[PDB]
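What follows is a short report on a single structure.
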Amino acid sequence: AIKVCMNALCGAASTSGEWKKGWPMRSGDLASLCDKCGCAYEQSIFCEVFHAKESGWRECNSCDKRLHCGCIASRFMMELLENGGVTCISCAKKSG
Amino acid sequence: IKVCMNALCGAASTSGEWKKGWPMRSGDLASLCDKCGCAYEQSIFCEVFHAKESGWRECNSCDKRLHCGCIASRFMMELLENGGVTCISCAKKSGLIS
Ligand SMILES: [Zn+2]
Ligand SMILES: [Zn+2]
Ligand SMILES: [Zn+2]
Ligand SMILES: [Zn+2]
Ligand SMILES: [Zn+2]
Ligand SMILES: [Zn+2]
């Protein structure tokens, strides 16, 4: 396959250094991210930097953290609550 | 006491049938009264009960609205590799049914 940045709103076909590790894709393999997108992802702010204008934002039920929902990039950064809404992964570790 | 598992309903009775709802965190299907369950079966549960919540998006290839970050709508869509979501019809048409 052609290797390209898996941020679909970037799609860069080249990068500085090696490709960076991204989020798990549906197949389980890790996404390839360019130097920019991968840098945001490493700092845990990919969606805040690159999905700021997309729909689907909610907030964590236990803290102020905004969470981009319906998004593969943030998919394992939150938990779906039985009574509605989401909590981020830190608060989820704190609540069992 | 058996109660409708839509927290904004909680009716203690039902007409005809308790209907099967969304898969809960444990994997079991929720028990819904006939109202809420009919809304669920027609894929409009979140449109009826969650219209004012955050988390709403649009299907990647059609106009269907999809309530994301919501356990009730979680088997009503598929997450795409491009960061968006697709409804179940578009998913069946694209080969993405998991
Ligand atoms: Zn990129
Ligand atoms: Zn995102
Ligand atoms: Zn939180
Ligand atoms: Zn009900
Ligand atoms: Zn909903
Ligand atoms: Zn669709």
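Ligands are numbered from 1 in the order shown, chains are lettered A, B, ... in the order of the structure tokens, and residues start at 1 in each chain.
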
Go through region 5-95 of chain A and flag each residue having an atom no more than 12 Å from region 1-21 of chain B; for those, report the closest pair of atoms plus their distance in Å to one decimal, using only C-alpha atoms, ordered by chain and rising number, as CSV.
```
residue,atom,partner,partner_atom,distance
A:82,CA,B:7,CA,9.7
A:83,CA,B:7,CA,6.7
A:84,CA,B:7,CA,8.7
```

Near-residue 17 (chain A) list (9 Å; only C-alpha atoms; drop same-chain fewer than 2 positions) as a PyMOL selection string: chain A and resi 15+19-20+34-35

Write the residues of the selection above to a file with N, CA and C atoms, as a compact mmCIF listing (two decimals), in the first residue's frame.
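Result file out39.txt:
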```
# COMPACT_ATOMS: atom_id res chain seq x y z
N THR A 15 7.19 12.54 5.05
CA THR A 15 7.36 12.99 6.42
C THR A 15 8.84 13.09 6.74
N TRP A 19 7.85 7.63 9.92
CA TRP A 19 6.44 7.74 10.26
C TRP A 19 6.21 7.46 11.74
N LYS A 20 5.26 8.18 12.35
CA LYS A 20 5.00 8.08 13.79
C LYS A 20 3.83 7.13 14.08
N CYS A 34 2.19 11.58 10.12
CA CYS A 34 3.30 12.47 9.77
C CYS A 34 3.88 13.09 11.03
N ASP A 35 4.92 13.92 10.87
CA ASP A 35 5.59 14.49 12.04
C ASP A 35 4.67 15.42 12.82
```

Residues flagged helix (DSSP H, G or I) by DSSP in chain B, as number ranges by chain: B: 34-41, 45-49, 71-76, 88-94

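For ligand 2, the neighbouring protein, DNA and RNA residues, which are those within 7 Å when only C-alpha atoms and all ligand atoms are counted, are residues 47, 51, 68, 69, 71, 72, 73 and 74 of chain A; 83 of chain B.
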
Those residues with N, CA, C and O atoms, as a JSON list (two decimals), in the first residue's frame please?
```json
[["chain", "number", "residue", "atom", "x", "y", "z"],
["A", 47, "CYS", "N", -7.09, 15.38, 18.54],
["A", 47, "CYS", "CA", -8.39, 15.90, 18.12],
["A", 47, "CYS", "C", -8.55, 17.37, 18.46],
["A", 47, "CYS", "O", -9.17, 18.11, 17.68],
["A", 51, "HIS", "N", -9.16, 18.30, 14.96],
["A", 51, "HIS", "CA", -10.59, 18.09, 14.79],
["A", 51, "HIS", "C", -11.41, 19.17, 15.48],
["A", 51, "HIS", "O", -12.59, 18.96, 15.76],
["A", 68, "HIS", "N", -13.68, 14.16, 21.65],
["A", 68, "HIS", "CA", -14.19, 14.11, 20.29],
["A", 68, "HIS", "C", -14.78, 12.72, 20.06],
["A", 68, "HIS", "O", -14.03, 11.74, 19.94],
["A", 69, "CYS", "N", -16.11, 12.64, 19.97],
["A", 69, "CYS", "CA", -16.81, 11.38, 19.83],
["A", 69, "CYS", "C", -17.10, 11.07, 18.37],
["A", 69, "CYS", "O", -17.04, 11.94, 17.50],
["A", 71, "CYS", "N", -15.12, 9.27, 16.64],
["A", 71, "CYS", "CA", -13.83, 9.53, 16.01],
["A", 71, "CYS", "C", -12.87, 8.40, 16.33],
["A", 71, "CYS", "O", -12.62, 8.12, 17.51],
["A", 72, "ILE", "N", -12.34, 7.75, 15.29],
["A", 72, "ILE", "CA", -11.42, 6.64, 15.52],
["A", 72, "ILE", "C", -10.19, 7.08, 16.32],
["A", 72, "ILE", "O", -9.74, 6.35, 17.22],
["A", 73, "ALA", "N", -9.72, 8.33, 16.12],
["A", 73, "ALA", "CA", -8.50, 8.78, 16.78],
["A", 73, "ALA", "C", -8.67, 8.86, 18.29],
["A", 73, "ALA", "O", -7.69, 8.72, 19.02],
["A", 74, "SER", "N", -9.88, 9.11, 18.79],
["A", 74, "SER", "CA", -10.09, 9.23, 20.23],
["A", 74, "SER", "C", -10.84, 8.03, 20.80],
["A", 74, "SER", "O", -11.27, 8.07, 21.96],
["B", 83, "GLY", "N", -11.96, 9.41, 10.51],
["B", 83, "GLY", "CA", -12.36, 10.23, 11.64],
["B", 83, "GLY", "C", -13.85, 10.55, 11.70],
["B", 83, "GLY", "O", -14.30, 11.16, 12.69]]
```

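When only C-alpha atoms are used to measure the gap to residue 58 (chain B), the shortest distance among B:32, B:44, B:86, B:98 belongs to B:86.
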
Selection as a ChimeraX atom specification: residues within 7 Å of ligand 6 by only C-alpha atoms and all ligand atoms: /B:59-64,86-90

Pick from B:26, B:82, B:97, B:92, whichever lies nearest to chain A using only C-alpha atoms: B:82

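CA of residue 85 (chain B) is positioned 20.4 Å from CA of residue 49 (chain B).
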
Nearby residues, ligand 1, 6 Å, only C-alpha atoms and all ligand atoms, as a list in words: residues 5, 7, 10, 11, 12, 33, 34, 36 and 37 of chain A
